[PDB]
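Single-structure report; data block below.
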Amino acid sequence: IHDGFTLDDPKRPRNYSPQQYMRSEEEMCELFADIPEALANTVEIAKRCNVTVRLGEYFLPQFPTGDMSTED
Amino acid sequence: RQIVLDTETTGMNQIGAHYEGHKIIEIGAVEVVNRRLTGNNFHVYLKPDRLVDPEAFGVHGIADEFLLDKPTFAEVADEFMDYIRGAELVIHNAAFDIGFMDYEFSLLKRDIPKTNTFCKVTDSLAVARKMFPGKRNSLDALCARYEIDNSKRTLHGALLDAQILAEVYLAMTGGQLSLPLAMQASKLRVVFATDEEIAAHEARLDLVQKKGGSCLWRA
Amino acid sequence: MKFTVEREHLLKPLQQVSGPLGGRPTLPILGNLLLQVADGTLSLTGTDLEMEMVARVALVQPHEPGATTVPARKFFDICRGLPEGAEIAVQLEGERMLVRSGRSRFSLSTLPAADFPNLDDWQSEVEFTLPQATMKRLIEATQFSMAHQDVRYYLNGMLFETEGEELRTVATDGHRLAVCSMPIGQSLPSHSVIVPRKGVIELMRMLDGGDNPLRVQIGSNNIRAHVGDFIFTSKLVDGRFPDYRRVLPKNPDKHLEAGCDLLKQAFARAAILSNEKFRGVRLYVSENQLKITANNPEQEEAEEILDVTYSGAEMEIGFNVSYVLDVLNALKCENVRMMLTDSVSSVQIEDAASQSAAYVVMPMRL
Amino acid sequence: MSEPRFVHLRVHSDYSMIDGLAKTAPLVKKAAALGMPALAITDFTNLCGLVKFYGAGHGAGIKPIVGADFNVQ
């Protein structure tokens, strides 16, 4: 719908698979039971990632008021 | 050898057995051999054994008094059987027509088994549904699709639709075939969160927990 | 950069090199030529970015190396336009190429040779030469069955297959198929490559069928073809050519033999009254007779009765008439033998004298 | 000990617009119904639903990790 294709168009891109859903912990643990470091490295990277963006603030700029207060 | 049928009936039962309480009024069938119309059509009218359905009446005009002197299914049982036996039966919604057909056969009390035991039962609607999935595959739909006149045809009733379905059938089973083709553990690094990162983590979780009242990391 | 060549050494090369130029060279230098002067050899390149065409002319008069890139169509027409024996003088004047002939003067814009795209070097894997004649027959015999625009892009090209002393080429639509095999006279290891249709058109055009042998080299991702001093190199579209051995009819037991010309004339005439979309003609075979017929919804009809050598049972079969006319036009021969199975199978067709080429078209259900 | 050993680190919401499917809150509620301590949202070249992300993280006891996905040259 976004890309502007009709369902039965052969030139429709098929870039995605049915597996791309919210698999559980265990389902991912078995998908990669050959690479356990890969699972463990998610927990590790999650710990490294700690952002605190600005919330609840305000920022006015100013104005050419001479030597006078903004108030005044 | 391909045998085309279209059966006009005294309406249907909408609940339970679609054949219970109903009988056949008209049989209009055309013979199609090597995709050509021979003209050896089976067109008979039958005994109603009941009232013609108001719906069916509006479809192509049929009154009970017209089908009174006309013979019953018993008079043309063998005749119609031999006409279709050992051939292809192309039908619209096979469950409906076959149900009526076998129903009449059992009414004769000649122990007659279902037509599917001695004949190849094929619905053309199912073919159209496979070709055009989720599209209207009605006779008039396909008629318009394959460029056909259904308005200037003298045959009113079964034989009309049979002829039309034959042209649709040819259109679907054209044009051209396709070519059969298709056809250890090792190491690898774990990066442990630094003390700086751990502190940021702790502080970030503090915020979640203090504001939200929960922590699953920690639940 | 300077060189001087005679018009008549340039003309056949120039014509041939200008063939691949066509399809909308967005990158403007594709409409131009690559000149390298070194030795007494100017080299030409004509390219569509996927394939490349090389020509040499010998330099008998004074020459000096150097390179630039001149506009190809315009330059070709000027040369073709000049009279026979006209003296062309090349000499680079800084950022212009000057082309003189005696008293006429023309100046070309210059883009640097260094901007011309370079395709990677590769090496040969299997190697052969063959008479031009054999290459000519091979292409001509099968070109008509090329796919036009297919989603199965691998069918937009021709499989060349070597083994022992047999090359067999095949090209198809997914509907009909033409095959030709020729002797090459050298034992060859097995390789399979599909050259893109525009490629095969150009290659077809460079063959005059003459005396210089043609020498072809095939690499991992490319093909190179030398006939004398002209060299064409294309890329291959990579693989999974479906198994043509599978589609072949499995011993067609009925034979139908007839005069190629007569037969072809009758089908051309019958074709006029068949279906727009499906090209539908209906065929009856019977004891020593062939009946061709053609239908349309307005009841217009062509009908032919013909005397046909044929032993076997009565049957009827329809097909796309354009595709069968295409084969009868490629069949430049005395007799055809047509080998059938039934109304609903593909049929194999050959020259009644050579099994070397085989043609198989599918049936239509009309 | 803590117990979860996995969190999803590449996921698109509908806010990627080129792709993604489920809305923001429903995606956060699934993560939590799955007993996950975190969930990274990596919408395509934007942070448009970051305010909704933060509100859903807070609500579910989930720690927000900031990302965006790109096409590079």
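If you take the residues in region B:161-210 that are among the basic types (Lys, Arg) and not in a loop (DSSP other than H, G, I, E, B), which one is surrounded by the most Cβ atoms within 10 Å (Cβ to Cβ)?
Across region B:161-210, the extreme among qualifying residues is B:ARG204.
Give region C:182-214 a look and list any residue that's surrounded by 19 or more Cβ atoms within 10 Å (Cβ to Cβ) and among the small types (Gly, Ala, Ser), or say none.
C:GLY199
For the subset of region B:147-178 comprising residues that are out of contact with any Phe, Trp or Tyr (no Cβ under 9 Å at 6 or more places or on another chain) and within 10 Å of another protein chain (Cβ to nearest Cβ), which member is farthest from B:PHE42 (Cα to Cα)?
Selected residue: B:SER178.
From the list C:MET51, C:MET97, pick out the single residue that is more than 29 Å from the chain's Cα centre (by Cα) and either outside the structural domain of C:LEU10 (by CATH) or crowded, with 17+ Cβ neighbours inside 10 Å (or both).
Within the list C:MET51, C:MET97, the selection yields C:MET97.
Regarding B:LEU139, is this residue more than 14 Å from chain C (Cβ to nearest Cβ), of a type outside the set (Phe, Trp, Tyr), in contact with a helix residue (DSSP H, G or I) (Cβ under 7 Å, 6 or more places away or on another chain) and within 23 Å of B:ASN41 (Cα to Cα)?
Yes.
So D:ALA38 fits all but one of (1) aliphatic (A, V, I, L, M); (2) within 13 Å of chain B (Cβ to nearest Cβ); (3) out of contact with any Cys (no Cβ under 9 Å at 6 or more places or on another chain); what number is the exception?
So D:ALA38 meets the others, but not (3).
Does B:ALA128 satisfy the criteria of being aliphatic (A, V, I, L, M) and assigned to a loop (DSSP other than H, G, I, E, B)?
Criteria not met by B:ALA128.
If B:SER214 passes every condition in (1) among the hydroxyl-bearing types (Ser, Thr, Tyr); (2) farther than 28 Å from C:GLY318 by Cα; (3) away from chain D (no Cβ under 14 Å) but one, which one does it miss?
Unmet for B:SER214, out of (1) among the hydroxyl-bearing types (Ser, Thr, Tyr); (2) farther than 28 Å from C:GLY318 by Cα; (3) away from chain D (no Cβ under 14 Å): (3).
Here is a yes/no grid of residues against (1) of a type outside the set (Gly, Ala, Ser); (2) more than 12 Å from chain B (Cβ to nearest Cβ):
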residue	(1), (2)
C:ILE317	yes, no
C:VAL321	yes, no
C:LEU325	yes, yes
C:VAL336	yes, yes
C:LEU340	yes, yes
C:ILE349	yes, yes
C:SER356	no, yes
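Pairs needed: first member in region B:181-193, more than 7 Å from every other protein chain (Cβ to nearest Cβ) and more than 30 Å from C:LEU155 (Cα to Cα); second member anywhere, of a type outside the set (A, V, I, L, M) and assigned to a loop (DSSP other than H, G, I, E, B); C-beta distance under 8 Å; at least 6 residues apart or different chains.
Here the result reads none, with nothing in region B:181-193 linked to a residue that is of a type outside the set (A, V, I, L, M) and assigned to a loop (DSSP other than H, G, I, E, B).
Per-residue answers, yes or no, for (1) of a type in the set (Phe, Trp, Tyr); (2) facing chain B (nearest Cβ under 10 Å); (3) not in a strand (DSSP E or B):
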residue	(1), (2), (3)
C:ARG240	no, yes, yes
C:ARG246	no, yes, yes
C:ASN251	no, no, yes
C:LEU263	no, no, yes
C:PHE267	yes, no, yes
C:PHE278	yes, yes, yes
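Could you pull out every one of the strands (runs of 3 or more DSSP E) wholly within region B:1-86 that has 1 or more residues that are of a type in the set (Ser, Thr, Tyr), within 20 Å of the chain's Cα centre (by Cα) and over 18 Å from B:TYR103 (Cβ atoms)?
Once the strands (runs of 3 or more DSSP E) in region B:1-86 are filtered for at least 1 residues that are of a type in the set (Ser, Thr, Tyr), within 20 Å of the chain's Cα centre (by Cα) and over 18 Å from B:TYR103 (Cβ atoms), nothing remains.
Please note: Cβ atoms are built from the backbone with ideal geometry, for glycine as well, and neighbour counts cover all protein chains shown. Basis: the model, the stated rules and, where named, an outside source; nothing here is a laboratory result.
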